[PDB]
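Form deposited in one PDB entry, single chain, as structure tokens, below.
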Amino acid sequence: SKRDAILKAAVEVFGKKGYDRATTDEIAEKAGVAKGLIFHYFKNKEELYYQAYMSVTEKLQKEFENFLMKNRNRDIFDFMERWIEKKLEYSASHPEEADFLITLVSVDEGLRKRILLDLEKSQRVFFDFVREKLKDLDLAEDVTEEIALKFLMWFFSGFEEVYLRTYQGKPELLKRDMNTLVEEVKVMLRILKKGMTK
């Protein structure tokens, strides 16, 4: 469908050039459609970006729910390591999508806040699953639930920052590093498990 081709082109072009410098015309020629056809489907550039962004994050969210159904009984450290492994695999296999998602930090303030608010409406869910899994554990002395959860969420939140800093626009480098990043994530989560639990 033409709408899907436009969305796919938008992911590619926004991810290569950034929000500000990408144009709807570039997206339209990349999708192989007429320049006005963007505006048939999408009110403007902002809504094009937003719909692309929501399209990608929805697909990801469905994958996370499938994974969650299948790994819910693992302890949280194992669960999180496995999910991070999946995101690392997704990023190496869909570099343009990953490059697309990280352009959010340089989107216009109004659109960016709008999207950051939408994303919180799944992050506060995961956050709560983490909190619940934490109650299943016998926590080490002085390790409160609030500290365990802060620290784990800060660890998890650092995925995007590493990506932006090191792998954005470098698909070959991430492919080269993928298995080693997985190996390091496992050790770091084992460090946190051993330190947080009795």
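For every residue, the number given is its place in the sequence shown, counted from 1.
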Between the two ranges 173-181 and 20-28, the one averaging a larger CA B factor in the entry: 20-28
Comparing 119-127 with 104-112, which has the greater mean CA B-factor as deposited? 119-127
In terms of CA temperature factor as recorded, identify the highest of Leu134, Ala34, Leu48, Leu152. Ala34
In terms of recorded Cα temperature factor, pick the maximum from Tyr53, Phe39, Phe67, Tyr167. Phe39
Within this chain, which third does the Cα B-factor at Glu145 fall in: lowest, middle or highest? lowest
Sorting the chain's modelled residues by C-alpha B-factor, tell me whether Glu97 ends up in the lowest, middle or highest third. middle
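Quick note: we don't show the form deposited in another entry, though the next part is all about it.
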Hinge assignment for the rigid-body change between the shown form and the other one, options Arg165, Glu141, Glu146, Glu58: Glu58
